[PDB]
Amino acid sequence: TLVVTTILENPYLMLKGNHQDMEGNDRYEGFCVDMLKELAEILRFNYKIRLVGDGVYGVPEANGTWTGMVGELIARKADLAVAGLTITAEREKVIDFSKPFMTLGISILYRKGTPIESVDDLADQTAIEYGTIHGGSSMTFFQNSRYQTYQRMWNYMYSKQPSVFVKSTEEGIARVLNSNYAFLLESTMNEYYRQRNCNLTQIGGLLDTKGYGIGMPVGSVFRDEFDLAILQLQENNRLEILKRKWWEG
C-alpha cells in the first residue's frame, strides 16, 4: 500500500460534491485520482490518499529543511507525491521525479478590456498590481532571474504593501476578478479558470516551459516502473484524454 501525499487543487484533486457520504480515497476526484487509477491498473499497487499536513507544495528553508509535499517525501512520511508538482532543478537535488505527465509554463492572468499586452508592459506600469503564490515555483523564477524585466518584477513584488502575494490559486483568481491585479500562475491553471469565467484573459505568452511530475524520495525503488507506466499512458494518449476530461468543460 503506497502512501500518496497530495493537496486540494482544482481540477487535480478535489472533494466530491457529496464527500461526507464517502470514506478514504473515494472522498476525492480529479485528474490526479484518475491518473492514479490508470497507473494502479498497470502496476497493481494499493494506495491511500493523504492531504499534505502543512498545505504547501514545497519550499527550502535556509537551514536545509524542505516544507510541503517535498518535505514529506524527504522525511519518508509518503511514498509518492501526486499533484501539480513542478519539476525544478532545486527540487531535483532533494527528491526524485517521474517523467513528466503534463507540460506547462508561467503565465499571466487578468480581467478583460486591458491595454496590457505583454510581461514587459505589465512590469513597466503602476496602475495594475501583480503577484504570485508565495513560495511557489513561479515566484522563484522571478526571484532568481538574471533578466532585468524579471528582476524589476521581483523587486516590486518583494517590496509592495499591502502584500501582492496570495496563499492559494483560489485566492489569486478572486483577486483578479475583484481588484486591479494580474496573477502570475502556471498555464494549466490559467486555461482552467479561463474556461470557467469568460471575463478572464491571458496577457502575452508563456514565460518558460516546464513539467509536473510524481515526486518520490531520492533513490526510490518505485521510480523505474512508474516511468514505464507513464510512457505507456503517454503513448496510448491517456494523459491527454484525462486532461481533456478535466480541463475542457
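The first residue of the shown sequence is 1; numbering continues from there.
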query: Between 23-31 and 201-209 (mean CA B-factor, as deposited), the higher; finding: 23-31
query: Stretch with the greater mean C-alpha B-factor as recorded in the entry, comparing 80-88 against 148-156; finding: 148-156
query: Per the PDB entry, maximal CA B factor within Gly131, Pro115, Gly105, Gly71; finding: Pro115
query: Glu41 by Cα B-factor - lowest, middle or highest third of the modelled chain; finding: highest
query: Lowest, middle or highest third - CA B-factor, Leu122; finding: lowest
query: Third of the chain's Cα B-factor distribution that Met14 belongs to, per the entry; finding: middle
query: Lowest, middle or highest third - CA B-factor, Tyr110; finding: highest
query: Third of the chain, ranked by Cα B-factor, where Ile95 sits; finding: lowest
